[PDB]
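Consider the single chain below, provided in structure tokens and representing the form deposited in one PDB entry.
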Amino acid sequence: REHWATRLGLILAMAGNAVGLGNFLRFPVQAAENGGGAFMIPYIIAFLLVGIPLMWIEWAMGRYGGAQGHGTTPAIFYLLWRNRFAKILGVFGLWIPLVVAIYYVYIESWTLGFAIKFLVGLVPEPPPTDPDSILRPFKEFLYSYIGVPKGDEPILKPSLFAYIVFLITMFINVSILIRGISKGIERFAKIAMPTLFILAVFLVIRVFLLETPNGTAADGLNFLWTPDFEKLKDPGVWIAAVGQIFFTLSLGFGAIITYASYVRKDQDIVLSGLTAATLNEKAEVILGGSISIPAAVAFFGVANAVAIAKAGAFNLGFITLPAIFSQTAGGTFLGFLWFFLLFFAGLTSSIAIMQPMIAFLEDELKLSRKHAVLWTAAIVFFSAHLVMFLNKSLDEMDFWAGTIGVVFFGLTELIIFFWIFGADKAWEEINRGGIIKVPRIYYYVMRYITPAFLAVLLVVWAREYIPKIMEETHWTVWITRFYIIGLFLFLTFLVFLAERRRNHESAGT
């Protein structure tokens, strides 16, 4: 089995897995919608009670499974729990990352397309003037790129440029993945992560210099880091915070598991795990948080910024920020650096999200790396046409796989590892080979606190928030639901084909 060549390469690859569009696009929107500093206390508590323990748990499960030649959850779940139901539940660790891949790579392709056009100066020219005279050209720029519906049909019409750039993005992901773990992912991570950090720091510095009659970058920081204790009682803030923690640390996607399955059987995961997670948190709260919000607040004031963030998920990063930059000397190039940053943030993450599918085809169906990568790319590419051409399909996939799915899977994987497989056996598996040991308190966190936290969360979620979406949606959501249910059935069938293959091999020996 392939292994990570160096410890640094391991850490940077795992940091690249976690550090992504979630740090720079999702986090600021989530924090801004939920009162800035009011979002941060639940967020921090979620990092400690959920983020950290699940990270160690997923590293352990992957390392454990990798030692036996298995990097994905259909097989790994079965190793921890010898029941046919474990294989079925394991299918989610293939389904979640595949479905997320289908929209994540497409959004990643936009950052590349924007980087290209911003570099060559093929951007909108605002009148040299109210905010809307500045923002509108950039709104139309995004709208023409992804092809937002101009009528009442729920159909998107991406530009030819956007489509070709998606193909190129897919090509770039394949070029890295096809070279494997050490010579592809690990090697790229060593080049990508320092670069990414450099760009982000520069952007933070450049944004900290923003100043207008409406305020400064410092105002944006104070809004993000000023605690509001009268919001700790709102369930909505906790749900948003835990969902961000999952999304940001790549947890519940079966993808930390798969990466960890290339860690050598006795190699450390306690310090490595903690370090990869802390690296992500710094890139998130210090870098991601210091760019978008402070810039928006400096130009529009706190109240307007919050309204912008609420407007959409992509408004702040694809419209507002580049519009703001356009009013600053060298702002088009700064727009380029921002989109180039997002692209490397996306790319280092999308190779991670597609690897579980690759690992499954290699490990369980005995495909070569070449074939596993190409077939995986083929499924993601073909499937992405749904997200490219059907308005709101992206939203539906992100809800079922990237939002609900990950929390459910987080709880599932913990129960299987710490309850079914055995708490003391799990505790010993995590700690084996550790450069440091997991603090004793975290045994009781993992066994009792974390599962109860997630279970209560999911209950409050399904009671007071999901019935508002099962009745209040356009019929076209069923196209996406139909298709991704079909993907789950497809993956179940492959797991079935893999158990049959394993049986025929065992018979002929």
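Here the rigid core means the biggest group of C-alpha atoms that line up within 1.5 Å when the two forms are laid on top of each other. All residue numbers refer to positions in the sequence shown, first residue = 1.
Between 278 to 286 and 147 to 155, greater CA displacement relative to the shown form is found for 147 to 155 when the structures in 7 other deposited structures of this protein are fitted on the core. Taking the root mean square of CA deviations in 7 other deposited structures of this protein after fitting on the rigid core, 192 to 200 and 233 to 241 differ, and the farther of the two is 233 to 241. Coverage remark for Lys468: absent from the model in at least one third of the other entries compared whose chains are built on both sides. Among other compared entries that model residues flanking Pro128, a third or more give it no coordinates. The modelled chain breaks after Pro128 and resumes at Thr129, leaving 1 to 3 residues of the deposited sequence without coordinates. When the mean C-alpha temperature factors of 297 to 305 and 158 to 166 are read from the deposited coordinates, 297 to 305 comes out higher. Relative to its counterpart among 344 to 352 and 199 to 207, 199 to 207 has the higher mean temperature factor, C-alpha atoms as listed in the PDB entry. Per the PDB record, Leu221 has a higher Cα B-factor than any other of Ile185, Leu221, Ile96, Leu316. When the C-alpha B-factors of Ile181, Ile257, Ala311, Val100 are ranked from the entry, the top spot goes to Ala311. Looking at the C-alpha B-factors along this chain, the one for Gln30 belongs to the middle third.
Ranked by C-alpha B-factor against the other modelled residues of its chain, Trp419 falls in the highest third. In this PDB entry, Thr473 carries a Cα temperature factor that places it within the highest third of its chain's modelled residues. In the deposited entry, the Cα temperature factor of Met193 places it in the middle third of its chain's modelled residues. In the PDB entry, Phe85 places in the highest third of its chain by CA B-factor.
Just so it is clear, the following notes concern the form deposited with a small molecule bound, a form of the same protein that is not shown.
Mapping the unseen interface onto this chain, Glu413 falls outside it, with no heavy atom inside 4.5 Å of the small molecule in the entry with it bound.
Under a 4.5 angstroms non-hydrogen atom cutoff, the small molecule in the entry with it bound lacks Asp219 among its neighbouring residues. The small molecule in the entry with it bound is not approached by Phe421, whose heavy atoms all lie more than 4.5 angstroms from it. At least one heavy atom of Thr403 is located within 4.5 Å of the small molecule in the entry with it bound. When the small molecule is considered in the entry with it bound, only one residue from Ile358, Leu321, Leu394, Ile430 comes within 4.5 Å through any heavy atom, namely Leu394.
Contact with the small molecule in the entry with it bound, defined as a heavy atom within 4.5 Å, holds for exactly one of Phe336, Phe417, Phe138, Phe247, namely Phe247.
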